[PDB]
Ligand SMILES: O=P(O)(O)O[C@H]1[C@H](OP(=O)(O)O)[C@@H](OP(=O)(O)O)[C@H](OP(=O)(O)O)[C@@H](OP(=O)(O)O)[C@H]1OP(=O)(O)O
């Protein structure tokens, strides 16, 4: 009735980023702003993959 | 197979026969058949991707 | 021969059309053959247990 | 008592609305599809029921009694050739189900 | 006012030195411009595009 | 270069689009709401240039 | 009041991250490159009455 379990979940692929970006919506949240726009990479002393390759 | 690939194209690899369920051989050793393609080919796929 | 210029967009113009319209999920791509084994025979005893 | 086919179409409108609403909520639950298709085959509107079984096989293609009911509708309604197509597609997609092969060779 | 109402000048109204308050409310506008442009943009986008029910 | 226009041009445009109730200007109703998202920036550029009590 | 204004100045001087050299955007040069904006020269009071009527 009203109080009931699920037994099937919702399937993704039909909203906001799923097929055509909801047909290119001009709606965007505060959490979707540019933030941390630069990937850090491992340096020579950190564990760069060149340093990790020769090691036994 | 044509009644299995109705809405698919001609490049799609579907499996529809008994001879897809048969186990292959032990494939003795470091064979050039089961090898990851090439390092530069992998880098080219990476660049395109 | 055709010269294509792209129409110049108004900066001050809101989105034009309703996008929130919602329709049910279409059919999935044609079913793949299931390729199982012959199937283990089931007993009355284990079916009841 | 229903008279001429305006009222018959009103009956059909009510029944189709009820079944399509049960399909909307349950979504899966294969019996809902079977009841609606049996109701469509009872009124000899079997193209509707072809649509319903094809939608139900889109939902769940591995459910073997659904293939069985669809093929037995097409056999029962003297559509030898549709049913024969269905059996060919059934034994192609679910080949280890022996039910399908027995009924098609029978 | 304490610098303005110093000597013979009393505690009347008579003081227009709006440079300071003017700067304070323009520096407010400097930061409220992006916030209100985003908020009004999503307002207009929901009015003209429509609301996405279970999209996000 | 795009040059200056006579100052009576924007005056008559603003005056003919009075409160946007004429049926003749019903195609520009959509653009004014679109321009709503840039009103805070127009307010900022307006009040930034307030004329300085020694100026008439 | 002097203590609080000192507090505001010290919080300015502390959290001064350097200007963070970006790519310049020039919004109004992008508006007047289009075919929808003209440019003129008006009295400030006429523009303020325009901006108020437009916001209304
Ligand atoms: O009632 P007081 O404690 O003496 O303070 C008032 C008050 O200023 P404060 O808000 O700083 O208390 C008045 O402003 P409001 O009461 O309207 O907020 C202000 O006059 P303005 O209304 O013009 O700001 C007035 O200044 P003045 O008395 O010089 O006219 C000033 O009194 P003091 O100047 O003696 O502090």
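Protein chains in written order, with the working numbering: chain A, -3 to 52; chain B, -10 to 38; chain C, 419 to 467; chain D, 8 to 113; chain E, 1100 to 1155; chain F, 2 to 57; chain G, 10 to 65.
Beta carbons are placed, not taken as given, at the ideal position from N, Cα and C, and that holds for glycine.
Shortest alpha-carbon distance to residue i belongs to which of the options?
i: residue 31(G); options: 11(A), 33(A), 9(A) and 1(A); result: 33(A)
i: residue 457(C); options: 113(D), 101(D) and 112(D); result: 101(D)
i: residue 32(D); options: -3(A), 49(A) and 46(A); result: -3(A)
i: residue 424(C); options: 25(G), 13(G), 34(G) and 43(G); result: 43(G)
i: residue 455(C); options: -5(B), -6(B) and 6(B); result: 6(B)
i: residue 44(D); options: 88(D), 34(D) and 55(D); result: 55(D)
i: residue 4(F); options: 63(G), 55(G) and 46(G); result: 46(G)
i: residue 4(B); options: 429(C), 419(C), 451(C) and 461(C); result: 451(C)
i: residue 443(C); options: 6(A), 49(A) and 24(A); result: 6(A)
So with CB distances below 9 Å, who are the chain E contacts of residue i?
i: residue 19(F); result: Those do not exist, as residue 19(F) stays about 23 Å from chain E at its closest Cβ, beyond 9 Å.
Tell me the rounded alpha-carbon separation between residue i and residue j.
i: residue 15(D); j: residue 65(G); result: 58 Å
i: residue 33(B); j: residue 25(B); result: 14 Å
i: residue 24(F); j: residue 32(F); result: 15 Å
i: residue 48(F); j: residue 11(A); result: 42 Å
i: residue 16(F); j: residue 9(F); result: 10 Å
i: residue 41(A); j: residue 52(A); result: 17 Å
i: residue 19(B); j: residue -8(B); result: 39 Å
i: residue 7(F); j: residue 50(G); result: 8 Å
i: residue 1109(E); j: residue 1116(E); result: 16 Å
i: residue 464(C); j: residue 25(D); result: 40 Å
i: residue 36(B); j: residue 30(B); result: 10 Å
i: residue 1139(E); j: residue 43(F); result: 14 Å
i: residue 3(A); j: residue 28(A); result: 33 Å
i: residue 36(D); j: residue 70(D); result: 11 Å
i: residue 59(G); j: residue 1123(E); result: 24 Å
i: residue 78(D); j: residue 21(D); result: 27 Å
Which residues in chain F sit within 7 Å of residue i, going by Cβ to Cβ distance?
i: residue 432(C); result: 31, 34 and 35
Whose Cβ in chain G lies nearer than 7 Å to the Cβ of residue i?
i: residue 50(F); result: 53
Given that residue i touches chain D, what residues does it touch there, using C-beta distances under 7 Å?
i: residue 447(C); result: Going along chain D, no residue has its Cβ under 7 Å from residue 447(C), so there is no contact; the nearest lies around 10 Å.
Listing by chain order, which chain E residues have their CB less than 8 Å from the CB of residue i?
i: residue 42(F); result: 1132 and 1136
So which residues of chain B does residue i contact, with C-beta pairs closer than 8 Å?
i: residue 451(C); result: -7, 3, 4 and 5
Measure the beta-carbon distance from residue i to residue j and round it to whole angstroms, keeping in mind my assumption that it falls under 8 Å.
i: residue 1147(E); j: residue 433(C); result: 5 Å
i: residue 1136(E); j: residue 13(F); result: About 29 Å separates the two Cβ atoms, so there is no contact after all.
Counting only Cβ pairs nearer than 8 Å, list the residues of chain C close to residue i.
i: residue -3(B); result: 447 and 448
Determine, for residue i, whether the minimum Cβ-Cβ distance to residues of chain H falls below 7 Å.
i: residue 1113(E); result: Of the protein chains in the structure, A, B, C, D, E, F and G, none is chain H.
| Taking Cβ-Cβ distances below 9 Å as the criterion, which residues of the region 88 to 108 of chain D are in contact with chain B? | 92, 95, 96, 99, 100 and 102
| query | Between the region -1 to 16 of chain B and chain D, which residues of the former have CB atoms less than 7 Å from a CB of the latter, in chain order? | reply | 5
| task | Determine which residues of the region 42 to 71 of chain D have a Cβ less than 7 Å from any Cβ of chain C, and write them out in chain order. | result | 65, 68 and 69
| Relative to chain A, which residues along the region 433 to 444 of chain C have a C-beta separation below 7 Å, given in chain order? | 433, 437 and 443
| Residues within the region 35 to 48 of chain G neighbouring chain C, beta-carbon criterion of under 7 Å | 40, 43, 44 and 45
| request: Taking a Cβ distance cut-off of 7 Å, strictly less, list which residues of the region 14 to 31 of chain A are near chain C, in chain order. | output: 18, 19, 21 and 22
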